[PDB]
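# Notes for the structure review
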Amino acid sequence: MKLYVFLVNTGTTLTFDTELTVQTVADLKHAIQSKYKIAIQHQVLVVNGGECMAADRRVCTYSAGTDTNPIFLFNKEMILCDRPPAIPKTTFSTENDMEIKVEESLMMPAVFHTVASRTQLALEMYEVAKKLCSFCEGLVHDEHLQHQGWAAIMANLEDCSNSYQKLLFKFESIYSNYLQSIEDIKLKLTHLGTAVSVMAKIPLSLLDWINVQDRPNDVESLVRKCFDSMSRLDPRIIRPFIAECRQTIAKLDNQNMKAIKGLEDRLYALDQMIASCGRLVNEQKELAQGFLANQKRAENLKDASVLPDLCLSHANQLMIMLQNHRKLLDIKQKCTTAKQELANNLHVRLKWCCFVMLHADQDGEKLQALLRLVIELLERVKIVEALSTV
Amino acid sequence: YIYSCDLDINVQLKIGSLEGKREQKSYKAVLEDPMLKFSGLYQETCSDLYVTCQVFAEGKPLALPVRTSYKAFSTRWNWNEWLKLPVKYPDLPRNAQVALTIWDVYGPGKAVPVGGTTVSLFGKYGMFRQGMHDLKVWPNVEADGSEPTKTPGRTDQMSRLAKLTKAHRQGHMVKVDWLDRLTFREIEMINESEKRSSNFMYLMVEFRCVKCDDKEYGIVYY
Amino acid sequence: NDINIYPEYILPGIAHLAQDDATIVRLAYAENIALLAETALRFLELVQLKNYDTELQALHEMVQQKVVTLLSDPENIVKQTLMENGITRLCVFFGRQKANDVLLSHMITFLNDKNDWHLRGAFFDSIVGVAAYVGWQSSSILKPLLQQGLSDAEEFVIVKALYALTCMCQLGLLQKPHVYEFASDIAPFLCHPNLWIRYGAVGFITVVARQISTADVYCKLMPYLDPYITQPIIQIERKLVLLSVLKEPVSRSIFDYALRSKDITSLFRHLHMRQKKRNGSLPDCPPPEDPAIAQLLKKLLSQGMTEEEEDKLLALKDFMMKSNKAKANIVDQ
Amino acid sequence: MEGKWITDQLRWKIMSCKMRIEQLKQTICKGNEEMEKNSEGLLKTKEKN
Amino acid sequence: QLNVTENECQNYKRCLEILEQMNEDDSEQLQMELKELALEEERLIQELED
């Protein structure tokens, strides 16, 4: 079992050998860096419908990494920069030779005594056409794999959103009832002024523990704590921050991005086109086999098959089939470009969610602060009520 | 006269105006893209730009694209400023070539420098110049700095006038003063012919005299 | 033997000779050290593929520490130049885990005398780059850096500021508050008479229009945008048309000669009163320091002082007062 | 946002047409000035000749 | 929960009016602006050519 991985950031075919299957967790990252053109610092990969891979757990822990259930990869800088997913397709030397040969064959005239070379070229063309149809089938698979990486991205969005919503809505709703609890806190602040007066009036075994607790919670620090707690506790500070958190959520909430077009609806047409290309390759192979049978027929034709124009007919059929195949090669290259096309089309919603993520990352620093604040509120209520009783 | 080794001081100078006018306004290229109109010259009574200047020893970079500070040339490109390039005196002194550019918007999407030329830091014989060396412009093109510099800035009728003026002012004139007056008068006619000459871009490059002998000191690499 | 000597000797030699007076030598040392770290990294990867990762973690830590130690050089100009040139994914050795952590402090230490304000714009760009993987929550920590850069000396540094502005609008993560803040601030700065500054502002404006985009653009900026747009005719996704909509930038020279003055601060209050005259009830002229204030006021008014000026004038004039206090303190040296 | 993009496109088109007219006018003015200077120099030289 | 719903809806409604139809009015401006500026640009090109 060799690792199967598609850079969900590209949703593109960049697999791994089993050689990295059992290596360290950072081994997959370094493989994407070296084998794939995907560095480490600005990169990411997580489990679709699961957690982002930790530094210890193996892939199968979240069972994935297969040719049909691989892991999803994301280049951090990819969205970090505008970077409409680059499709700087590797040297088309294969495609360039295919184009040159197809042009020659179309310009290739009828063959008289050149039937052997024509059949050799036709067989080479059929084999190359089959190889290209297979490459394009793998491309359509990598398109479905970009779709799977998009599913993984939606899952990761949902997950991170659930964590953020947990923390945020927790602090928020807690303050929601804390409103009346805020009146209780106001009564407690009256009692706090009273306790300040008492402490002024009370200069200085359980008492030992209380005083020890007093050492790291000095009087001025506690007074400043209450004051700032109220001030930033300005209810608007939440309700406006409430609108803020809702906005971060929404920024995450780009419904149309996921429901792009029913990506399966177009992936079905893509698969049908791949099937048509495979059928064309099979027809080309059938025509090459017919060409071999026709070479046999021409050899045996010295006596019983003396009808004329056989070599010319063979050359013409070869040229016609070559033109037909080159035609599909056009759609093949069009899909090669549509790779980067849909790549940028996705990178759009990608950046949408990612910017929502960074803004909600500031929001989550604020939400950790809000936790700390609500904690301060309640825990101080209890412990500082005790300490202020004096 | 001085050897370059001891100083090794960083590069600094003063700013001067380029003789070449912005008649390079890409009339057809203007007819193509809307950005260019955003050109500082395109929209101002004159043209300021973002200066870029560097020195390369026969094409090897040796400094940074020095840019002057915010100054006004959109109404008059008269440059009265100083600049300190990032090249040490001894730094790549051999074959060093003063290449530069000025960044001004070739368009709203085309704001950058498109003017460059290259000239040796020292002279054709090795003496460094700390005095103004007006440069030959290469408009719509930037400097290269290579020893085979593609946009010569510094090393004929105008050449004869300049060389004769330099020789005379060196103290190479006889007690017959009348010629010097007529000398300048006829240099006036030669310069008039040169100015009537058109289809050329130029720039006045004012190398800042160094307060070491306090002149446009002639330094030789060693 | 090669695998073993790769890190050991590579770092050994790189350091032993690293100590050198030439600041350019040190900057080259930094760029080459980045190359050599990539080298040792590939060496470790090849060893792993050929023959655990804990050594890799130690090496990456050493890489980040080396980046920082290089940042320790006194030739701050050297550091700024080397970073701005190489990019080197900003040493790509500590990221938000530590790149924010130590990098924020390291850049902040740069907050010394602003002689090379061009270096200030360079540092703004460098911060924007560090924003790539260090600012998700410290983005606001840059917002204070945003104000500091607003305190920058160079108006070319100001164009670099608008650049890094758009750059963060891409990066983000502290925008909404600072977002509307910049929108309002630029609103008066809209007719800013700095061709570099004006164009880079229109560009950062289109970049923000992408970043926040949405109807948020209309409400937040388009009101701030109204301060400049002569007509609502522009592709806000574009800066050239956007500026085309905006009114022609005012004569920066006129305010600069006005700026050239000293007591304009009270003259600033007088200008505010005049604006209130424009929209308010001030009919009279108070008894200011009559000679200079009155002379400049009449020169400007007769010059063609139009209605739209006073507001953005006062905004960028508070900005001026800032920059002018800056200049006065720079006179200390 | 969609309508804003469409309107930005059209209005920037109108504005770019105006701006292009303006830049063409500026170039024509520069050319006319150069032509006048050349004509003056030519007249002086022709008289001397 | 309703509070967060409002925290989003109030902001959403804020710009809804702020999305002023002024540019919507500017939309018809192109119709008159477009052909006239085309003729003007053609004339300017011819003048620059001469």
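Residues numbered from 1 in each chain as written, not as in the entry; some residues may be left out. Chains lettered and ligands numbered in written order. Part of a larger assembly, values for the part shown. Heavy atoms only, no water. Residues with missing side-chain atoms left out of burial classes, pairs and counts.

The record names cryo-EM as the way this model was obtained, at a resolution of 6.84 Å.

## Things to note about the overall build of chain B
What counts is decided by this rule: Counting from the N terminus, the helices are DSSP H or I runs at least four residues long and the strands are E runs at least two residues long. Each radius of gyration is computed over the set of C-alpha atoms, and the globule rule expresses the reference value as 2.2 Å times the number of residues to the power 0.38.
Across its full length, chain B carries 5 helices and 10 strands. Against the compact-globule benchmark of 17 Å for 222 residues, chain B has a radius of gyration of 19 Å, which places it among compact chains. Judged by the C-alpha coordinates and their principal axes, chain B covers about 60 × 45 × 30 Å.

## Re the overall build of chain C
The number of helices and strands found in chain C is 16 helices and 0 strands. Its C-alpha atoms give chain C principal-axis dimensions of about 90 × 50 × 25 Å.

## Notes on the interface of chain D and chain C
Quick reminder of the rule: Any two residues having at least one pair of non-hydrogen atoms within 4.5 Å are treated as being in contact. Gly is placed with the polar residues, together with every amino acid not listed as nonpolar (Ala, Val, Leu, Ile, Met, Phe, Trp, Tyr, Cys and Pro) or charged (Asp, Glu, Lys and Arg).
Contact residues are listed per partner, giving 6 residues for chain D and 7 residues for chain C. Counted by class, the side of chain D that touches chain C contains 2 nonpolar, 2 polar and 2 charged residues.

## Thoughts on unusual backbone geometry
Leave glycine aside and you will find that most residues have negative phi; peptide bonds, for their part, are mostly trans. Residue and element names in this part refer to chain B. Here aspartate 8, not a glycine, exhibits a phi torsion of approximately 60 degrees, which is positive. You can see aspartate 8 is positioned in the loop between α1 (4-7) and β2 (13-15). Even without being a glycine, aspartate 213 presents a positive backbone phi close to 75 degrees. With respect to the helices, strands and loops of the structure, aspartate 213 is situated in the loop between β9 (202-203) and β10 (219-220).

## Observations concerning the sheet that holds strand β3 (residues 44-46) of chain A
Adjacent strands of a sheet pair through backbone hydrogen bonds, lying either parallel or antiparallel. All names here are of chain A. For the record, the criterion: Paired strands are those between which DSSP finds at least two bridges.
Overall, mixed pairing links the 4 strands, which are arranged β2-β1-β4-β3 in an open sheet. Strands at the two margins of the open sheet, each flanked by one partner only, are β2 (12-13) and β3. Strand direction decides the pairing type here: strand β1 (residues 5-7) and β2, joined by 2 bridges, are antiparallel. Among the inter-strand pairings, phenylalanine 6 is bridged to a residue of β2, identified as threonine 13.

## Things to note about the sheet that holds strand β7 (residues 111-120) of chain B
Residues and elements named next belong to chain B. Across the sheet, which stays open at both edges, the 4 strands sit in the order β4-β3-β6-β7 with antiparallel pairing between neighbours. Lying at the two open borders of the sheet, with one neighbouring strand each, are β4 (60-61) and β7. Two strands pair when backbone bridges link them, and strand β3 (residues 50-57) and strand β6 (residues 96-105) are joined in this way by 8 bridges, in the antiparallel orientation. Bridging from a neighbouring strand, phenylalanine 56 pairs with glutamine 97 of β6.

## With respect to helix α10 (residues 310-389) of chain A
All names here are of chain A. Worth spelling out the cut-off: How far a helix is expected to stretch is found by multiplying one less than its residue total by 1.5 Å. Here the bend at each residue means the angle between axes fitted to two seven-residue stretches, the one ending at that residue and the one beginning there.
Here α10 is 80 residues long and its end C-alpha atoms lie 112 Å apart, about the 118 Å a rise of 1.5 Å per residue gives. Along α10, the sharpest change in direction is near 40 degrees and occurs at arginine 380. Trailing α10 by a residue or two, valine 390 shows a phi angle of about 55 degrees, which is positive.

## Some remarks on the pairing of β7(B)
Residue and element names in this part refer to chain B. Taken together, the 9 bridges between β6 and β7 define a ladder with antiparallel strand orientation. In the sheet register, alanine 99 faces β7, and the bridge partner there is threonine 118. Between the antiparallel neighbours β6 and β7 lie 5 residues.

## As for the packing of helix α9 (residues 175-189) of chain C against helix α11 (residues 214-225) of chain C
All names here are of chain C. Applied cut-off: Orientation is described by axes fitted as lines to C-alpha atoms, over the contacting stretch for helices, and by angles from 0 to 180 degrees between their N-to-C directions. If an angle is under 35 degrees, it is roughly parallel; if it is over 145, roughly antiparallel; if it lies from 65 to 115, roughly perpendicular; otherwise it is oblique. A clockwise turn of the near helix away from the far one marks a right-handed crossing, whereas an anticlockwise turn of less than a right angle marks a left-handed crossing.
Between α9 and α11, whose axes approach to 8 Å, the crossing angle comes to 15 degrees. Between α9 and α11, the interaxial angle falls into the category roughly parallel. Two packed elements cross with a definite hand, and for α9 against α11 that hand is right-handed. Facing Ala183, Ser184 and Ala187 of α9, the residues of α11 in contact are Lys220, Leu221 and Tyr224. Taken together, the residues that form the contact of α9 with α11 break down as 4 nonpolar, 1 polar and 1 charged.

## Considerations on the arrangement of the chains
Ranking by contact count across 7 pairs of chains in contact places chains C and D at the top. The closest approach of any C-alpha atom in chain A to one in chain B is 17 Å; the two make no contact. A gap remains between chain B and chain E, which never touch, and the nearest two C-alpha atoms on either side lie 7 Å apart.

## A few points about the packing of helix α4 (residues 115-201) of chain A against helix α9 (residues 263-300) of chain A
Residues and elements named next belong to chain A. Closest axis-to-axis distance for the α4/α9 pair is 9 Å, and the angle between their directions is 165 degrees. Relative to α9, α4 is oriented roughly antiparallel. With respect to the hand of their crossing, α4 and α9 are arranged in left-handed fashion. Two secondary-structure elements touch here, α4 through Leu123, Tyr126, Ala129, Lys130, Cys133 and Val140 and α9 through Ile274, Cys277, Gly278, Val281, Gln284, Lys285 and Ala288. The class makeup of the residues in the contact of α4 with α9 is 9 nonpolar, 2 polar and 2 charged.

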